[PDB]
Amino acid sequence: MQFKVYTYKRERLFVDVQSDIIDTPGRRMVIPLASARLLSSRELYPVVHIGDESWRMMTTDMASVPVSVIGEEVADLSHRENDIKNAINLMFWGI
C-alpha cells in the first residue's frame, strides 16, 4: 500500500510509493530509507519520522520489489503524501 513503510522477510526498511489503483501482478514500486543523520535538495530527498527516528527517502534509488519479499508494515507516511509526491515529480519533471 502506497505511503506505508515495510521491511523484508529476512535478516531493512522502505516506503511503498506506487499507486493503489494501478496493478502490477506481483511487483511494487519502492523508495528505500537511509538513515537521515548521515546526510549533510532536502526537497528531492524528504526526511520522514518513524518511531523516535528520522530517515531520508533515498529517491534516486527507487525500485520495484516482488511482493513476496515484503514484510510487516512498520509505519504509515500517508500524511507526507505531498512531500513524497513532490519528490517523485521533481525527478521526472524537474519541478
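A residue's number is simply how far along the shown sequence it sits, counting from 1.
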Unresolved deposited residues in the interval that joins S40 and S41: 1 to 3
None, 1 to 3, 4 to 9, or 10 or more: how many residues of the deposited sequence lack coordinates between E11 and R12? 1 to 3
Of the two stretches 86-94 and 2-10, which shows the higher Cα B-factor on average in the entry? 2-10
Mean B factor on CA atoms, stretches 56-64 and 31-39, record says higher is 31-39
Please pick out which of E81, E73, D23, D16 has the largest Cα B-factor as recorded in the entry. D23
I50: which third of its chain by C-alpha temperature factor? highest
